[PDB]
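One structure is given below, encoded as structure tokens.
Just so you know, these numbers use all the heavy atoms, side chains as well, and skip hydrogens, waters and symmetry mates. Counting begins at 1 with the first residue of the sequence.
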Amino acid sequence: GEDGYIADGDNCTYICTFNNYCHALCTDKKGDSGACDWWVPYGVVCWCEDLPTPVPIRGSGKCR
């Protein structure tokens with residue numbers, strides 16, 4: 001559905017190093033695929049492709 005940096009119910013991204021890890025994380029959440037983005041405004045975090053709406057993605061503001 002939507003592409004973006006997968007996050008938890010508290011507007012927080014997932015830290016990573018290898019693409020394999022994020023792909024698993026993204027796919028487990030029903031995404032098409034995932035990769036680890038090393039240079040993001042939040043650090044090294046997981047990016048997902050075609051992630052459904054039931055699953056949140058980083059939005060504007062703080063992570064609490």
Side-chain angles (χ1 to χ4, degrees):
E2 49 164 3
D3 292 50
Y5 304 96
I6 187 168
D8 68 8
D10 289 347
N11 206 213
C12 309
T13 49
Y14 286 73
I15 288 289
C16 59
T17 301
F18 307 86
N19 292 151
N20 197 179
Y21 166 55
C22 295
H23 190 71
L25 185 60
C26 292
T27 46
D28 281 321
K29 314 294 183 177
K30 311 288 186 177
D32 275 29
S33 68
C36 183
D37 194 322
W38 296 320
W39 321 119
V40 186
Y42 329 95
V44 192
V45 302
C46 288
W47 183 89
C48 296
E49 177 189 293
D50 305 321
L51 198 64
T53 63
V55 185
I57 59 178
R58 187 66 154 80
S60 183
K62 286 67 177 60
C63 148
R64 76 287 180 168

Is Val44 linked to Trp47 within one hydrophobic cluster, defined over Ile, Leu, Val, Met, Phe, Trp and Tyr using a side-chain heavy-atom separation of less than 4.5 Å? no

Under a single-linkage definition using a 4.5 Å side-chain heavy-atom cutoff for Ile, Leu, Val, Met, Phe, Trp and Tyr, are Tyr14 and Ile57 assigned to the same hydrophobic cluster? yes

Decide yes or no on side chain to side chain contact (heavy atoms under 4.5 Å, CB included) for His23 and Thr27, but give the supporting numbers first. CA-CA 6 Å; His23 190 71; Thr27 46; 3.6 Å; yes

Determine whether [X] and [Y] make a side-chain contact, defined as any pair of heavy atoms from C-beta on separated by less than 4.5 Å.
| X | Y | result |
| --- | --- | --- |
| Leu51 | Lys30 | no |
| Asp50 | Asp3 | yes |
| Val45 | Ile15 | yes |
| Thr13 | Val40 | no |

Under 3.5 Å donor-acceptor, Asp37 side chain and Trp39 backbone: yes

Are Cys22 and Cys46 within a span of less than 2.5 Å, counting SG to SG? yes

Measure the OH-SG distance between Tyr21 and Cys26 for me, rounded to the nearest 0.5 Å. 9.5 Å

How long is the span from the CG atom in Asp28 to the CD1 atom in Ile6, to the nearest 0.5 Å? 9.0 Å

Any donor-acceptor N or O pair under 3.5 Å, side chains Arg58, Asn11: yes

Exceeds 12 heavy-atom contacts within 6.0 angstrom, atom CG of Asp8: yes

Minimal heavy-atom distance between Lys29 and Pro52, with the atoms involved, is O-CD, 3.7 Å

